Amino acid sequence: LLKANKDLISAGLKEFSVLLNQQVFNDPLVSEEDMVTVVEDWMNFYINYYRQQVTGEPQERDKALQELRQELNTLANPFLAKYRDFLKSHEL
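Residues numbered from 1 in each chain as written, not as in the entry; some residues may be left out. Heavy atoms only, no water.

This deposited entry lists solution NMR as its structure determination method.

Next comes the structure, spelled out in structure tokens:
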């Protein structure tokens, strides 16, 4: 209904964007179980946090909820992939 909504989304967006790019895997470092668990938890906080951090008609929330979930679903796709590759690489 107002920029307020778009601001909340953009805030999560910029949050995940800046946080995602802030991930610099040096060497074999942590296992995928830690990263994966961190990824899952984060998405879960967003879903529950955003589900309750909206205003206006129920249609607005539902759209944002799906659009966000879709954003993360794709956004995270290249992260876990590049990560799995990074881990499988330094094996031998």
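Don't stop here, the text continues.
(A) Broad picture of the environment of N48. As for its placement among the helices and strands, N48 is situated in helix α2 (residues 32–51). On the accessibility criterion, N48 (36% relative accessible area) is partly exposed. Sequence-wise, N48 and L65 are 17 residues apart; in three dimensions their C-alpha atoms are separated by 9.8 Å. (Helix = DSSP H or I, 4+ residues; strand = E, 2+ residues; numbered from the N terminus. Buried < 20%, exposed > 50% of the residue type's maximum accessible area, 1.4 Å probe, protein only.)

(B) Quick look at the packing of helix α1 (residues 3–21) against α2. Put simply, α1 and α2 touch, their axes get as near as 12 Å, and they point 170° apart. The angle between the axes of α1 and α2 places the two elements in the roughly antiparallel class. In this structure, α1 contributes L8, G12, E15, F16 and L19 to the contact, and α2 contributes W42, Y46 and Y50. Across the contact of α1 with α2, the residue classes break down as 6 nonpolar, 1 polar and 1 charged. (Axes fitted to C-alpha atoms, helices over the stretch in contact; angles between N-to-C directions. Parallel < 35°, antiparallel > 145°, perpendicular 65-115°, else oblique. Contact = heavy atoms within 4.5 Å. Nonpolar A, V, L, I, M, F, W, Y, C, P; charged D, E, K, R; others polar.)

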